[PDB]
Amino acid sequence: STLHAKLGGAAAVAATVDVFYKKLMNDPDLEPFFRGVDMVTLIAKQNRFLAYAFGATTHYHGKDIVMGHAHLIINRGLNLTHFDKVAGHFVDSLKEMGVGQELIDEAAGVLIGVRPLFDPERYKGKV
C-alpha cells in the first residue's frame, strides 16, 4: 500500500517528518551539517529519506545518496558516527509515532544497507 497508509495516514507522515527533523536540529553533533541549508530543501530531504526507508522512492539509489553527500564526507568530516546518529533518530521517530516493529525492521534493513556509503575510508581528498 501507499507510504501514508503504512505510517498511519497523511497527517502522520508530516508529523513523523517534523519529529525526525527536530531531533536532527536539536542534536549538537548533527545540527552543524544543516547550517546554511534552506528549510524547503531540508523538509524535502526528510520526506525523501522517509520514503526511501520504506521503498516508496523510484529514482533514488545508492549512487544518488553518494552524489548528494560526498561533499560533506570530503570537505566537512561527515562520518559513520553521524550516520548512525541520524539513523537512530529516524527509528526513534518511528517508535514515538507508534509505528510497529515489522515496519521498524524494514526501515532498519534499508538504512543498514546504505551505511557503507558513509564510510570515509571510501573517499579521497578529505579534510
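In this text, residue numbers run from 1 along the sequence as written.
Q: Using only C-alpha atoms and the B-factors in the entry, which stretch averages higher, 78-86 or 43-51?
A: Result of the comparison: 43-51.
Q: Would 113-121 or 12-20 have the larger average of its C-alpha temperature factors, as given in the entry?
A: Stretch with the higher mean C-alpha B-factor: 12-20.
Q: Have a look at 100, 68, 62, 32 and flag the one whose Cα has the highest B-factor in the entry.
A: Result of the comparison over 100, 68, 62, 32: 100.
Q: Within this chain, which third does the Cα B-factor at residue 73 fall in: lowest, middle or highest?
A: Tercile = lowest for this residue's CA B-factor.
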